[PDB]
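There are 2 protein chains.
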Amino acid sequence: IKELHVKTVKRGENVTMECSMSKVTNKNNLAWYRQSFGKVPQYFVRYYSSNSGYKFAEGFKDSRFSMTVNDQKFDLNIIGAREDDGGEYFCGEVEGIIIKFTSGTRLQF
Amino acid sequence: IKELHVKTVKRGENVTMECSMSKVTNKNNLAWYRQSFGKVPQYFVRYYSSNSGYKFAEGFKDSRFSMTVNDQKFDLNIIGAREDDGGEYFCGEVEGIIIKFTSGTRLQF
Numbered sequence: 003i004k005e006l007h008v009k010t011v012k013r014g015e016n017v018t019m020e021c022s023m024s025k026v027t028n029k030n031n032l033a034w035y036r037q038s039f040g041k042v043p044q045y046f047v048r049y050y051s052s053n054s055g056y057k058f059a060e061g062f063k064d065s066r067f068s069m070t071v072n073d074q075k076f077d078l079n080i081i082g083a084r085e086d087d088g089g090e091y092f093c094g095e096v097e098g099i100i101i102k103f104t105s106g107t108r109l110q111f
Numbered sequence: 003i004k005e006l007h008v009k010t011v012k013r014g015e016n017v018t019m020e021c022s023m024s025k026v027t028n029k030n031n032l033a034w035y036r037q038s039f040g041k042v043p044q045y046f047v048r049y050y051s052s053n054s055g056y057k058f059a060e061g062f063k064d065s066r067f068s069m070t071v072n073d074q075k076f077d078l079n080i081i082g083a084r085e086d087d088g089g090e091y092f093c094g095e096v097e098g099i100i101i102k103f104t105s106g107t108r109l110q111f
């Protein structure tokens, strides 16, 4: 069972959390989930064919977050990491009705 | 959006983790996920028409884990807790490739 990557970061730093397009089957079904400590995880951003390649959840108002999406990567970025950015982020692909998470990162300070 | 219920449990004790049925859209789309500490969450048990009401993931055979499934509840029971049961458990329903997690429990030994 795949271990989360642990990412340690200082307030104000820029971070990238990685998910690999390798062995992803259906990009259209790929997304990141974000879980703040002590809360249930939430759908956060999906792959989305367009000029950006990705589309944040409608409830999300934070321009510090972005993605680097291409052939190899579906990587989540943050500029100016802030205390409450910390948590666990999981990249999963849905198939049928099962979300299979292929990787995640614990972001901590 | 929703806080996990934090539960402290003793070795050999019984545990129930709650999930609400009476606001799910499509019951067969409901499932618990289990996250061991520092690991990616994994699909654990789904609702499965309605008989025992449920079916554990293929890679699972532990008899201590059961469910109480009815028109109100989709609750995950452990009889005789062991320390490896420790972790986070999240209950969610897939709506059109997005999983919404409606409750969860963190079990700590």
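Heads up: the protein sequence lines correspond to chains A and B, in order. For any residue, its number in the authors' numbering is found by taking its place in the first sequence, counting from 1, and adding 2. For any residue, its number in the authors' numbering is found by taking its place in the second sequence, counting from 1, and adding 2. By construction, the Cβ of each residue, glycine as well, lies at the ideal position given by its N, Cα and C atoms.
- For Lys57(A) and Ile81(B), the gap between their C-alpha atoms comes out near 43 angstroms.
- Sequence-ordered contacts of the region 44-68 of chain B with chain A read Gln44, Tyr45 [C-beta pairs closer than 7 angstroms].
- Chain A places a beta carbon closer than 8 angstroms to that of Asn31(B), counting this residue as a contact.
- If you ignore the 5 residues before and after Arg66(B), its C-beta comes within less than 7 angstroms of the C-beta of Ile80, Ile81, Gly82, all in its own chain and listed in chain order.
- Distance between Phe62(B) and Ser68(B), taken at the CA atoms: about 12 angstroms.
- Taking a 10 Å sphere around the C-beta of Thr10(A), we find fewer than 16 other C-beta atoms and assign the residue as exposed.
- For a cut-off of 8 angstroms, the C-beta gap from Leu6(B) to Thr107(B) is around 6 angstroms, short enough to register as a contact.
- In chain B, no part has a C-beta under 9 angstroms from the C-beta of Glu85(A); the shortest such distance is about 18 angstroms.
- In the assembly as shown, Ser24(A) is an exposed residue. Its beta-carbon has fewer than 16 other beta-carbons within 10 Å.
- Straight across, the Cα-Cα distance linking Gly89(B) with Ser52(A) is about 38 angstroms.
- Of the candidates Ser105(B), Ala59(B), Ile100(B), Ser105(B) places its Cα closest to the Cα of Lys75(B).
- Taking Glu60(B) as reference, the option from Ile99(B), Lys102(B), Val47(B) with the minimal CA-CA separation is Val47(B).
- Going by C-alpha positions, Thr18(B) is about 9 angstroms away from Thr70(B).
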